[PDB]
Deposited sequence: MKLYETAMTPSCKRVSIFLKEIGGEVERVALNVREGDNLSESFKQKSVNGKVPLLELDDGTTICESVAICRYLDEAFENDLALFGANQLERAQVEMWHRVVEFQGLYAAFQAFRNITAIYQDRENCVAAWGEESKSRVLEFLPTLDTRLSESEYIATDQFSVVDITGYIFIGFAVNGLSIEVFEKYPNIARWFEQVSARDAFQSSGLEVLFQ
């Protein structure tokens, strides 16, 4: 299999960090950037959502969506990190908190970043979610469960959006997010994630 990606974009970094966490290695194929994760006119039919990252299997089957690629790669490389949840309850809690972080945090941050009235509304929803996330991190070491999971990769990208893309002073105002972020950003798999340049 091979992973099609652009050089420095949040969607692709979600998969890159996941792969480093589980100790997997997948051949990369670099693509040109189009506009909004987009693929070229001649390359877009390979991707159902029309975007990178794109995982291509040996017979030509392609999987798009960063989380879908991560799920496939989780089963491709034996590992003990259980990033989608170690037991039945954790698997449901991971699903719950992943969708909460994605809808209330990541997607709103994306909308606010690329944008004026909807971008401002999207930014307000980000600001309203941060106290909810901070309160959660005051009573749980990680977002979804007591252990590091894929939700923490997604949350890290979301907070990276908020601080480095939207100029929100998250860490000044929310010490529990800051505690968790300091912890997660120290993990080996997050090094050279491009955080400092990812949201320029």
query: Regions left out of the model, expressed as runs of the deposited sequence counted from 1; finding: 116-127
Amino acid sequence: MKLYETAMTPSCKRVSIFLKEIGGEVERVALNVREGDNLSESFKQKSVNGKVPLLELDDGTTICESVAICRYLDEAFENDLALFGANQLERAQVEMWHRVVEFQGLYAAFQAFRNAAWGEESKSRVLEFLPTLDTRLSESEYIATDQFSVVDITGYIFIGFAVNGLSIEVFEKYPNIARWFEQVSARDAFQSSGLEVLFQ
From here on, numbers count along this sequence of modelled residues.
{"query": "Residue range whose averaged C-alpha B-factor is higher in the record, 134-142 or 29-37", "finding": "29-37"}
{"query": "Greater mean Cα temperature factor according to the PDB record, 41-49 or 167-175", "finding": "41-49"}
{"query": "98, 91, 71, 123, ranked by C-alpha B-factor: the highest one", "finding": "123"}
{"query": "CA B-factor ranking of residue 105, expressed as a third of its chain", "finding": "middle"}
{"query": "Entry-reported Cα temperature factor of residue 60, expressed as the chain third it lands in", "finding": "highest"}
{"query": "Ranked C-alpha temperature factor of residue 9 among modelled chain residues, by third", "finding": "middle"}
{"query": "Entry-reported Cα temperature factor of residue 127, expressed as the chain third it lands in", "finding": "highest"}
{"query": "For residue 81, the third of its chain into which the C-alpha B factor falls", "finding": "middle"}
